[PDB]
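Protein chains in written order, with the deposited numbering: chain D, 360 to 402; chain C, 359 to 402; chain A, 359 to 406; chain B, 360 to 407; chain F, 2 to 126; chain E, 1 to 126.
Just so you know, even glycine gets a beta-carbon here, dropped at the ideal spot from N, CA and C.
Here's the structure, in structure tokens; my notes come after.
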């Protein structure tokens, strides 16, 4: 579902861009992949 | 003008980014001297 | 309310999380009229 | 490398946890995944 | 100061006699908290007419701005304190003051359905 | 338990032809996957190890295995410009119409990365 966030300020924009990228890339992963990643980190 | 538009995939990601945008945009109105005073208690 | 501890690996990720945390904390201390006016100005733009 | 961020509130904590782990996770993603994502972002922003 | 911080609290809380005492004791009438809220701001916000009056008599800046460009007249308009709006106007309150979101006191009066205050501000514009 | 799968993934990435053959005679899972779904065939196609691609296909490697982002071996061979690997994957039934989770075919990744020779081969493979 494609939505548009209006942003005032370059610094705020760049910060939200970095976070958006990281969250969107994580969202593609199935739960079991995220779960396995978490376990492997905890070891 | 001066408003940049960030495309977002998914309501959950959107709502998260909206909350953060609001906090950061409201903080941007403050002078450095105001924000720096708050951060002192953090460094303690 | 509850004070919780987030472990972070890496200065850059830490600094980014610190800025966001402190923007959210500092926002709780802003008067309603500031927050409400900000939100209505957001809607009075999204209309355009 | 290890730094602890104190957080007030479950909801702020869970939000910062999700962001931390998305950012940490990205370090382990192959170039082709990151690069394809970024080009698809630009190939949209130009369309809209 | 200590006295400053106690004046901000007394003005907010509507402690008329505490405000007079704090001021005979040399409390800064234009003491400001970390957002730039003055005693006059807080008395206007919370509708303490007699406190607004003593502060203005003792040299309170009628057009003091908080960090978001809010004036006492903005707060009296937003929070529906008509008598305080008329006192602030008579003491030189800037009717056309804009906060950092572009809002005048008139705009905050309209935003909060305070039509009486909006009319007084319009006729003072 | 067994690190045979892990050792085959590493041998296929590193281009250690002989090590791959040894690991599979020793019963190593040809379709072992890491935490992102990368198989030996994925990694050999990515890093351009033609003889390893060949032995894996011969031993029952899934030619259309998906990573967690819907990437196939043919996608990786196209992206990273390994023409002979693209041709071998095509001959062994690689899905020319496979789309990753970003909607990209192998052809699309070839074009996006200026590998126009590979793009042409993929377009004709139709």
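Taking the beta strand (DSSP E) that residue i falls in, what are its first and last residues?
i             : result
residue 366/D : 361-367
Check for me: the alpha helix (DSSP H) holding residue i runs from which residue to which?
i             : result
residue 402/D : Run containing residue 402/D: none; DSSP gives neither H nor E here.
residue 78/F  : 73-79
residue 405/B : Where residue 405/B is concerned, there is no enclosing alpha helix (DSSP H), given that its DSSP letter is neither H nor E.
residue 35/F  : Premise fails: residue 35/F is in no alpha helix (DSSP H) and is neither H nor E.
residue 388/C : Taken as a continuous stretch (DSSP letters only), residue 388/C belongs to no alpha helix (DSSP H), as it is neither H nor E.
residue 91/E  : 83-91
residue 30/F  : Residue 30/F -> no alpha helix (DSSP H), and no H or E assigned at all.
With DSSP as the reference, label residue i as helix, strand or coil.
i             : result
residue 62/F  : coil
residue 2/F   : coil
residue 112/E : helix
residue 102/F : coil
residue 69/E  : coil
residue 94/E  : coil
residue 42/E  : helix
residue 16/E  : coil
residue 119/F : helix
residue 11/F  : helix
residue 125/E : helix
Given that residue i touches chain D, what residues does it touch there, using C-beta distances under 8 Å?
i             : result
residue 68/E  : 387, 388, 389, 392
residue 407/A : With chain A covering only 359 through 406, there is no way to say anything about residue 407/A.
Nearest to residue i by alpha carbon, out of the options?
i             : options                    : result
residue 126/F : 96/F, 45/F, 80/F, 90/F     : 96/F
residue 15/F  : 36/F, 51/F, 38/F, 81/F     : 51/F
residue 390/B : 47/E, 87/E, 26/E           : 47/E
residue 75/E  : 1/E, 99/E, 84/E, 60/E      : 99/E
residue 382/C : 396/D, 376/D, 371/D        : 371/D
residue 9/F   : 110/F, 103/F, 32/F         : 32/F
residue 20/F  : 92/F, 36/F, 57/F, 37/F     : 57/F
residue 368/C : 377/D, 378/D, 386/D, 399/D : 386/D
residue 86/F  : 30/F, 116/F, 17/F          : 116/F
residue 377/C : 403/A, 366/A, 396/A, 359/A : 396/A
residue 80/E  : 67/E, 6/E, 118/E, 7/E      : 118/E
residue 30/F  : 36/F, 84/F, 7/F            : 7/F
Which bits of chain C does residue i rub up against, with CB to CB less than 8 Å?
i             : result
residue 363/D : 363, 364, 365, 366
Name the chain E residues whose beta carbon is nearer than 8 Å to that of residue i?
i             : result
residue 399/D : 35
So which residues of chain C does residue i contact, with C-beta pairs closer than 7 Å?
i             : result
residue 101/F : 387
Run down chain A in chain order and give the residues with a C-beta less than 7 Å from the C-beta of residue i.
i            : result
residue 79/F : 391
So with CB distances below 8 Å, who are the chain B contacts of residue i?
i             : result
residue 76/E  : 391
residue 109/E : 391, 395
Could you list which residues in chain A have their beta carbon closer than 9 Å to that of residue i, in chain order?
i             : result
residue 112/F : 394, 395, 398
Identify each residue in the region 370-382 of chain A for which the Cβ-Cβ distance to at least one residue of chain F is less than 9 Å, and report them in chain order.
-> Result list empty, no residue passes.
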